[PDB]
Amino acid sequence: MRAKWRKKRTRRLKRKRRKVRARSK
Amino acid sequence: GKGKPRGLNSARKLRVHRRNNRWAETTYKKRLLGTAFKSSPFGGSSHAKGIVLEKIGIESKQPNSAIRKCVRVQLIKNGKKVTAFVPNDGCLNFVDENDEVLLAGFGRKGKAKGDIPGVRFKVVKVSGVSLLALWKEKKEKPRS
Amino acid sequence: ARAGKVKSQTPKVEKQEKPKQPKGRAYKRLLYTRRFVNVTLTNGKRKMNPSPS
Amino acid sequence: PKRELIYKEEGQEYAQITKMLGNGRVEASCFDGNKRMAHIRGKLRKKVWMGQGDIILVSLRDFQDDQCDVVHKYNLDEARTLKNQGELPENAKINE
Amino acid sequence: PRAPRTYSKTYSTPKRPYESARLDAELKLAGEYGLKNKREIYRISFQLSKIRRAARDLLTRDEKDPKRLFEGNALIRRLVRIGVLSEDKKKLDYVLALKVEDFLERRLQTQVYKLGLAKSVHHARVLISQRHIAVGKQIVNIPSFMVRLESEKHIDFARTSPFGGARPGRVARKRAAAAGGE
Amino acid sequence: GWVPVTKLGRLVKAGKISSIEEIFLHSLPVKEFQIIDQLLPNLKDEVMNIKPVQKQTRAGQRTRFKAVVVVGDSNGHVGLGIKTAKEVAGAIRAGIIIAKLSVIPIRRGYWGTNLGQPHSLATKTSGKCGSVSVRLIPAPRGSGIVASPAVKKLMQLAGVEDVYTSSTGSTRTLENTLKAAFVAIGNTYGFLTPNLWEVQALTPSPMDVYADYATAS
RNA sequence: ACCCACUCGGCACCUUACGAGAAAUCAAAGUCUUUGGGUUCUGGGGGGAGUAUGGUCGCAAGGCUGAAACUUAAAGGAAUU
RNA sequence: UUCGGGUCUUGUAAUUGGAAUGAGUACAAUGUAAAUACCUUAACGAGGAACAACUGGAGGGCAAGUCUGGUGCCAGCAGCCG
Ligand SMILES: [Mg+2]
Ligand SMILES: [Mg+2]
Ligand SMILES: [Mg+2]
Ligand SMILES: [Mg+2]
Ligand SMILES: [Mg+2]
Ligand SMILES: [Mg+2]
Ligand SMILES: [Mg+2]
């Protein structure tokens with residue numbers, strides 16, 4: 001996997017995580 | 001040149017900088033964070049006694065192939081569960097379920113030995129008597 | 001049982017009752033004699049434990 | 001030139017492959033009652049290739065029962081022969 | 001809470017265990033002087049090293065400087081007394097050139113051998129252990145005793161034991177007894 | 001026997017050059033190994049190691065054996081020879097010859113007070129080859145060679161009695177280390193020390209005094 | 001405006017290194033085991049991970065800061081046939 | 001001239017021989033507050049089966065075997081490479 005793609009994936013994951021956190025709040 | 005300050009009154013900078021750098025040295029970090037006490041199944045100790053849950057054969061890593069004969073132990077001091085390798089050819093049939101066992105480290109300072117994956121500990125003594133002694137037939141296992 | 005099979009298999013051969021080695025200073029003396037006094041059968045590269053075959 | 005069929009000994013069992021797991025592991029439905037996580041032991045990683053619903057001679061691990069060794073493999077004819085001899089409960093169907 | 005007793009480790013192991021040449025040398029040395037262990041050799045080496053440390057330190061200080069003049073001189077004197085340095089070499093510079101052989105060639109072992117009384121080193125050692133051999137009418141049990149040069153004139157058998165003329169004892173006596181009523 | 005190419009060799013054969021000292025002085029190129037033999041009769045040859053050295057071909061791989069040889073007496077003369085051949089014995093032999101050809105002088109000296117007969121090196125000398133830097137330091141009498149066994153052997157051959165070492169870099173690649181050591185040893189001459197300040201004669205070379213004895217006519 | 005010669009400052013380049021360097025190469029990447037002109041920042045095997053967490057700055061995307069458990073005998077660099 | 005005496009030195013044999021001894025025991029006398037033990041000693045106390053040295057290793061690193069059986073990618077070993 002390209003590093004850039006990995007980074008992108010991570011970012012995507014983090015968005016979801018953020019959303020989850022917001023929901024929890 | 002040279003990245004460091006040199007001046008006769010620098011001292012403090014040299015000290016603080018050195019301190020900062022020290023944290024990249026893994027052993028030092030371990031010592032200072034105290035990961036030997038907080039993490040690690042042995043509480044920063046050379047040996048630990050545990051009670052045998054079950055006997056588990058573990059398949060070795062590559063180039064090699066052989067079922068290794070390890071034991072799932074729960075330590076007395078904290079209650080943490082660990083895998084422990086039982087050395088020598090017989091020896092696995094000296095252990096049995098619900099038996100008190102003395103475990104040492106493997107000899108890699110926390111790291112796994114050889115080809116046995118996820119195993120960090122030896123078995124030294126079963127029910128108060130040395131495994132080696134049993135193996136050589138110098139003493140007998142005094143039941144459980 | 002999977003475990004400890006090889007040992008079980010092996011023929012129980014007993015140790016030969018030998019003349020005892022002279023332990024201590026005597027042993028050292030013996031060693032010295034074997035090596036630097038006698039200098040017995042030297043190939044150039046001087047061997048310690050040669051195979052009998 | 002022909003090969004021979006070898007019967008099970010004490011500590012051994014007739015098994016059938018249920019599914020292909022991976023990493024050199026096979027889920028084996030043993031003709032005993034238990035469906036075990038049969039780890040392929042060294043010798044059969046090399047050349048003796050597995051199928052999908054094939055008959056395998058499994059060596060049972062004495063101390064741990066859910067994990068077991070795989071020793072020998074049989075084709076279809078061999079399986080049929082075994083069935084005839086009454087070694088297997090009759091459901092061994094190999095035609096792939 | 002009583003005042004602590006001082007110990008000192010008197011030998012030092014080699015920094016590299018299986019240096020083959022070194023090992024062979026050690027073995028040779030042992031053979032020469034009937035040494036029970038490599039430990040004895042190590043002890044000697046340690047002793048030598050201590051001396052060397054002193055000497056080097058002294059050298060590092062200016063010559064004709066008090067400390068050097070004193071301590072170094074004392075060391076030299078000691079060496080001469082023990083008989084390791086020769087009268088030609090009362091120098092402090094020569095102290096560095098000593099080497100292990102000179103200490104081993106000064107044990108109550110080797111000395112005993114070299115004055116007669118023995119027939120080989122092993123025999124001498126045995127005699128020493130066996131409470132034969134006295135220095136100044138004092139029975140010495142110790143093989144590695146370091147003969148003090150002026151006392152080297154006095155090494156003889158004991159007034160006790162046979163060899164130096166007393167009651168035969170043990171085996172000879174038994175034999176005599178056997179002979180007696182037969 | 002021997003028949004010499006090169007003038008120097010011829011001279012040596014004649015007996016017009018008595019010692020290698022002259023050669024050293026006039027930096028004359030020794031190109032026949034027999035000269036060395038003639039002039040230094042007492043050379044001990046130490047083989048340091050033999051290692052496989054491989055080349056990939058379309059069919060298999062060509063393996064050759066690298067022989068590393070140190071040569072010397074105990075009077076300030078050392079040679080170092082590296083040779084690769086397919087036969088091992090042959091390689092060794094060639095290496096020996098190479099070492100002989102190389103042979104260099106050493107500036108043996110005292111640590112402090114020139115009591116009698118030099119034991120150490122005269123100066124702190126370094127040699128660098130590859131990554132390996134071998135620092136050699138003048139040691140006090142009766143401290144021995146303090147070196148990695150390879151270097152130690154070389155030192156022994158040279159005739160240095162007492163020396164400290166500080167080998168740094170990847171010393172495990174032994175050949176490089178050896179080379180570095182050799183370089184360091186060489187460096188001992190070529191250091192301008194206050195006991196060498198004063199200007200001397202500049203003698204005519206043995207290649208010029210006996211020019212007529214040179215060349216076969 | 002050219003032409004020649006010199007001269008400071010600049011963007012570079014060419015050939016040699018007697019110096020460096022693991023080498024590719026480098027007039028600095030030189031004046032370093034013959035080690036010290038002055039200084040700021042950064043790294044200490046590979047993964048886990050620029051992740052978890054806590055700050056803080058952003059409307060948001062994100063940024064700056066930044067672990068450990070555990071895992072592993074290599075990941076890498078320059079050159080070679 | 002073929003030996004060989006072996007005049008001189010060495011190692012090896014369940015060959016064999018007188019010597020020496022403390023490890024033990026133990027009268028005593030020391031020691032000691034009283035005792036132990038030491039140091040000193042009358043008496044017993046060495047010949048291989050005893051009065052028996054173990055602990056780890058023998059691919060490399062690293063001293064030491066490509067000896068003999070067994071095992072056959074299993075049992076296991078291996079700090080690392082294996
Ligand atoms: Mg007596
Ligand atoms: Mg890291
Ligand atoms: Mg590359
Ligand atoms: Mg043993
Ligand atoms: Mg072993
Ligand atoms: Mg063995
Ligand atoms: Mg070896």
# chains A, B, ... in the order shown; residues from 1 in each chain; ligands from 1
call {"tool": "residues_near_ligand", "arguments": {"ligand": "ligand 7", "cutoff": "10 Å", "atoms": "only C-alpha atoms (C1' of nucleotides) and all ligand atoms", "output": "ChimeraX atom specification"}}
result
/E:18,20 /H:58-64
call {"tool": "residues_near_ligand", "arguments": {"ligand": "ligand 1", "cutoff": "12 Å", "atoms": "only C-alpha atoms (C1' of nucleotides) and all ligand atoms", "output": "list in words"}}
result
residues 129, 130, 131, 132, 133, 134, 139, 140, 141, 158, 159, 160, 161, 162, 164, 166, 167, 168, 169 and 170 of chain E; 20, 21, 22, 40 and 41 of chain H
call {"tool": "residues_near_ligand", "arguments": {"ligand": "ligand 5", "cutoff": "10 Å", "atoms": "only C-alpha atoms (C1' of nucleotides) and all ligand atoms", "output": "list in words"}}
result
residues 56, 57, 58 and 77 of chain H
call {"tool": "write_last_selection", "arguments": {"atoms": "C-alpha atoms (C1' of nucleotides)", "output": "PDB file, in the first residue's frame"}}
result
ATOM      1  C1'   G H  56      28.092 -27.468  32.074  1.00  0.00           C
ATOM      2  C1'   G H  57      29.472 -27.968  26.834  1.00  0.00           C
ATOM      3  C1'   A H  58      32.090 -30.789  21.930  1.00  0.00           C
ATOM      4  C1'   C H  77      17.637 -28.674  20.727  1.00  0.00           C
TER       5        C H  77
END
call {"tool": "residues_near_ligand", "arguments": {"ligand": "ligand 3", "cutoff": "12 Å", "atoms": "only C-alpha atoms (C1' of nucleotides) and all ligand atoms", "output": "list in words"}}
result
residues 23, 24, 76, 77, 78, 79 and 80 of chain G
call {"tool": "closest_atom_pairs", "arguments": {"of": "range 33-60 of chain H", "to": "range 19-36 of chain C", "cutoff": "10 Å", "atoms": "only C-alpha atoms (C1' of nucleotides)", "output": "Markdown table"}}
result
| residue | atom | partner | partner_atom | distance |
| --- | --- | --- | --- | --- |
| H:48 | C1' | C:19 | CA | 7.4 |
| H:52 | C1' | C:20 | CA | 7.3 |
| H:53 | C1' | C:23 | CA | 7.1 |
call {"tool": "closest_residue", "arguments": {"among": "F:36, F:139, F:14, F:43", "to": "chain E", "atoms": "only C-alpha atoms"}}
result
F:139
call {"tool": "closest_residue", "arguments": {"among": "G:64, G:69, G:53, G:46", "to": "ligand 2", "atoms": "only C-alpha atoms (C1' of nucleotides) and all ligand atoms"}}
result
G:46
call {"tool": "closest_residue", "arguments": {"among": "H:42, H:78, H:14, H:19", "to": "chain C", "atoms": "only C-alpha atoms (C1' of nucleotides)"}}
result
H:14
call {"tool": "decode", "arguments": {"residues": "range 20-49 of chain D", "atoms": "N, CA, C and O atoms", "output": "PDB file, in the first residue's frame"}}
result
ATOM      1  N   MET D  20     -11.537 -25.001   4.205  1.00  0.00           N
ATOM      2  CA  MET D  20     -10.155 -24.519   4.124  1.00  0.00           C
ATOM      3  C   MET D  20      -9.999 -23.204   4.887  1.00  0.00           C
ATOM      4  O   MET D  20     -10.520 -22.161   4.468  1.00  0.00           O
ATOM      5  N   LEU D  21      -9.287 -23.270   6.012  1.00  0.00           N
ATOM      6  CA  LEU D  21      -9.100 -22.114   6.892  1.00  0.00           C
ATOM      7  C   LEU D  21      -7.978 -21.201   6.392  1.00  0.00           C
ATOM      8  O   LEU D  21      -8.235 -20.053   6.022  1.00  0.00           O
ATOM      9  N   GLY D  22      -6.752 -21.724   6.364  1.00  0.00           N
ATOM     10  CA  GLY D  22      -5.566 -20.961   5.963  1.00  0.00           C
ATOM     11  C   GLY D  22      -4.399 -21.126   6.921  1.00  0.00           C
ATOM     12  O   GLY D  22      -4.554 -21.706   7.999  1.00  0.00           O
ATOM     13  N   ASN D  23      -3.233 -20.610   6.514  1.00  0.00           N
ATOM     14  CA  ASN D  23      -1.958 -20.678   7.274  1.00  0.00           C
ATOM     15  C   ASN D  23      -1.444 -22.105   7.555  1.00  0.00           C
ATOM     16  O   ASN D  23      -0.557 -22.302   8.395  1.00  0.00           O
ATOM     17  N   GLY D  24      -1.994 -23.083   6.833  1.00  0.00           N
ATOM     18  CA  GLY D  24      -1.711 -24.500   7.064  1.00  0.00           C
ATOM     19  C   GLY D  24      -2.649 -25.147   8.071  1.00  0.00           C
ATOM     20  O   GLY D  24      -2.281 -26.131   8.720  1.00  0.00           O
ATOM     21  N   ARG D  25      -3.855 -24.591   8.204  1.00  0.00           N
ATOM     22  CA  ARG D  25      -4.894 -25.142   9.082  1.00  0.00           C
ATOM     23  C   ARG D  25      -6.129 -25.591   8.302  1.00  0.00           C
ATOM     24  O   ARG D  25      -6.503 -24.980   7.294  1.00  0.00           O
ATOM     25  N   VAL D  26      -6.753 -26.660   8.794  1.00  0.00           N
ATOM     26  CA  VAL D  26      -7.942 -27.265   8.187  1.00  0.00           C
ATOM     27  C   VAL D  26      -8.942 -27.620   9.297  1.00  0.00           C
ATOM     28  O   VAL D  26      -8.564 -28.215  10.311  1.00  0.00           O
ATOM     29  N   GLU D  27     -10.203 -27.229   9.117  1.00  0.00           N
ATOM     30  CA  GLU D  27     -11.263 -27.654  10.034  1.00  0.00           C
ATOM     31  C   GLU D  27     -11.729 -29.051   9.631  1.00  0.00           C
ATOM     32  O   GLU D  27     -12.286 -29.249   8.537  1.00  0.00           O
ATOM     33  N   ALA D  28     -11.480 -30.014  10.516  1.00  0.00           N
ATOM     34  CA  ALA D  28     -11.776 -31.414  10.233  1.00  0.00           C
ATOM     35  C   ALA D  28     -12.939 -31.946  11.062  1.00  0.00           C
ATOM     36  O   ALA D  28     -12.924 -31.870  12.298  1.00  0.00           O
ATOM     37  N   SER D  29     -13.949 -32.463  10.365  1.00  0.00           N
ATOM     38  CA  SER D  29     -15.017 -33.232  10.991  1.00  0.00           C
ATOM     39  C   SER D  29     -14.537 -34.674  11.133  1.00  0.00           C
ATOM     40  O   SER D  29     -14.475 -35.432  10.151  1.00  0.00           O
ATOM     41  N   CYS D  30     -14.156 -35.023  12.363  1.00  0.00           N
ATOM     42  CA  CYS D  30     -13.682 -36.363  12.697  1.00  0.00           C
ATOM     43  C   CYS D  30     -14.853 -37.327  12.814  1.00  0.00           C
ATOM     44  O   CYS D  30     -15.904 -36.978  13.367  1.00  0.00           O
ATOM     45  N   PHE D  31     -14.664 -38.539  12.290  1.00  0.00           N
ATOM     46  CA  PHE D  31     -15.661 -39.605  12.400  1.00  0.00           C
ATOM     47  C   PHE D  31     -15.600 -40.234  13.799  1.00  0.00           C
ATOM     48  O   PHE D  31     -15.221 -41.399  13.979  1.00  0.00           O
ATOM     49  N   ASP D  32     -15.982 -39.415  14.779  1.00  0.00           N
ATOM     50  CA  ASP D  32     -15.935 -39.727  16.206  1.00  0.00           C
ATOM     51  C   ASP D  32     -17.028 -38.935  16.926  1.00  0.00           C
ATOM     52  O   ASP D  32     -17.591 -39.402  17.921  1.00  0.00           O
ATOM     53  N   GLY D  33     -17.320 -37.742  16.404  1.00  0.00           N
ATOM     54  CA  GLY D  33     -18.330 -36.842  16.962  1.00  0.00           C
ATOM     55  C   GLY D  33     -17.888 -35.389  16.993  1.00  0.00           C
ATOM     56  O   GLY D  33     -18.705 -34.480  16.807  1.00  0.00           O
ATOM     57  N   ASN D  34     -16.591 -35.180  17.224  1.00  0.00           N
ATOM     58  CA  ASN D  34     -16.005 -33.844  17.377  1.00  0.00           C
ATOM     59  C   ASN D  34     -15.553 -33.230  16.055  1.00  0.00           C
ATOM     60  O   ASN D  34     -14.973 -33.917  15.206  1.00  0.00           O
ATOM     61  N   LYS D  35     -15.832 -31.935  15.892  1.00  0.00           N
ATOM     62  CA  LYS D  35     -15.322 -31.148  14.765  1.00  0.00           C
ATOM     63  C   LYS D  35     -14.149 -30.292  15.240  1.00  0.00           C
ATOM     64  O   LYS D  35     -14.332 -29.290  15.946  1.00  0.00           O
ATOM     65  N   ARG D  36     -12.947 -30.707  14.845  1.00  0.00           N
ATOM     66  CA  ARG D  36     -11.701 -30.184  15.414  1.00  0.00           C
ATOM     67  C   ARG D  36     -10.922 -29.284  14.451  1.00  0.00           C
ATOM     68  O   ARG D  36     -11.064 -29.390  13.221  1.00  0.00           O
ATOM     69  N   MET D  37     -10.099 -28.410  15.035  1.00  0.00           N
ATOM     70  CA  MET D  37      -9.242 -27.492  14.289  1.00  0.00           C
ATOM     71  C   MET D  37      -7.915 -28.197  13.984  1.00  0.00           C
ATOM     72  O   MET D  37      -6.917 -28.019  14.695  1.00  0.00           O
ATOM     73  N   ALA D  38      -7.927 -29.007  12.923  1.00  0.00           N
ATOM     74  CA  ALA D  38      -6.798 -29.876  12.575  1.00  0.00           C
ATOM     75  C   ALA D  38      -5.658 -29.127  11.885  1.00  0.00           C
ATOM     76  O   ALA D  38      -5.760 -28.738  10.714  1.00  0.00           O
ATOM     77  N   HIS D  39      -4.575 -28.932  12.632  1.00  0.00           N
ATOM     78  CA  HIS D  39      -3.370 -28.282  12.128  1.00  0.00           C
ATOM     79  C   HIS D  39      -2.538 -29.277  11.313  1.00  0.00           C
ATOM     80  O   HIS D  39      -2.226 -30.375  11.793  1.00  0.00           O
ATOM     81  N   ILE D  40      -2.199 -28.888  10.082  1.00  0.00           N
ATOM     82  CA  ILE D  40      -1.373 -29.711   9.188  1.00  0.00           C
ATOM     83  C   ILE D  40       0.081 -29.691   9.666  1.00  0.00           C
ATOM     84  O   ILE D  40       0.739 -28.643   9.676  1.00  0.00           O
ATOM     85  N   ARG D  41       0.552 -30.870  10.064  1.00  0.00           N
ATOM     86  CA  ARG D  41       1.868 -31.050  10.660  1.00  0.00           C
ATOM     87  C   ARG D  41       2.928 -31.331   9.575  1.00  0.00           C
ATOM     88  O   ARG D  41       2.917 -32.388   8.934  1.00  0.00           O
ATOM     89  N   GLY D  42       3.783 -30.327   9.355  1.00  0.00           N
ATOM     90  CA  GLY D  42       4.987 -30.371   8.496  1.00  0.00           C
ATOM     91  C   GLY D  42       5.032 -31.160   7.197  1.00  0.00           C
ATOM     92  O   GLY D  42       5.107 -30.569   6.115  1.00  0.00           O
ATOM     93  N   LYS D  43       5.008 -32.490   7.318  1.00  0.00           N
ATOM     94  CA  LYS D  43       5.169 -33.430   6.192  1.00  0.00           C
ATOM     95  C   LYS D  43       4.198 -33.259   5.016  1.00  0.00           C
ATOM     96  O   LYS D  43       4.572 -33.508   3.867  1.00  0.00           O
ATOM     97  N   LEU D  44       2.967 -32.838   5.310  1.00  0.00           N
ATOM     98  CA  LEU D  44       1.923 -32.698   4.284  1.00  0.00           C
ATOM     99  C   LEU D  44       1.751 -31.268   3.734  1.00  0.00           C
ATOM    100  O   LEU D  44       0.935 -31.040   2.832  1.00  0.00           O
ATOM    101  N   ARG D  45       2.525 -30.324   4.276  1.00  0.00           N
ATOM    102  CA  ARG D  45       2.640 -28.967   3.722  1.00  0.00           C
ATOM    103  C   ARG D  45       3.366 -28.980   2.375  1.00  0.00           C
ATOM    104  O   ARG D  45       3.083 -28.160   1.494  1.00  0.00           O
ATOM    105  N   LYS D  46       4.294 -29.930   2.242  1.00  0.00           N
ATOM    106  CA  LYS D  46       5.239 -30.027   1.130  1.00  0.00           C
ATOM    107  C   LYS D  46       4.579 -30.392  -0.208  1.00  0.00           C
ATOM    108  O   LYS D  46       4.525 -29.559  -1.119  1.00  0.00           O
ATOM    109  N   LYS D  47       4.074 -31.624  -0.308  1.00  0.00           N
ATOM    110  CA  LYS D  47       3.610 -32.188  -1.581  1.00  0.00           C
ATOM    111  C   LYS D  47       2.175 -32.717  -1.551  1.00  0.00           C
ATOM    112  O   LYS D  47       1.397 -32.441  -2.470  1.00  0.00           O
ATOM    113  N   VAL D  48       1.839 -33.476  -0.503  1.00  0.00           N
ATOM    114  CA  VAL D  48       0.528 -34.133  -0.375  1.00  0.00           C
ATOM    115  C   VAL D  48      -0.572 -33.075  -0.189  1.00  0.00           C
ATOM    116  O   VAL D  48      -0.800 -32.570   0.918  1.00  0.00           O
ATOM    117  N   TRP D  49      -1.237 -32.756  -1.300  1.00  0.00           N
ATOM    118  CA  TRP D  49      -2.160 -31.625  -1.397  1.00  0.00           C
ATOM    119  C   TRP D  49      -3.591 -31.999  -1.008  1.00  0.00           C
ATOM    120  O   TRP D  49      -4.081 -33.069  -1.378  1.00  0.00           O
TER     121      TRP D  49
END
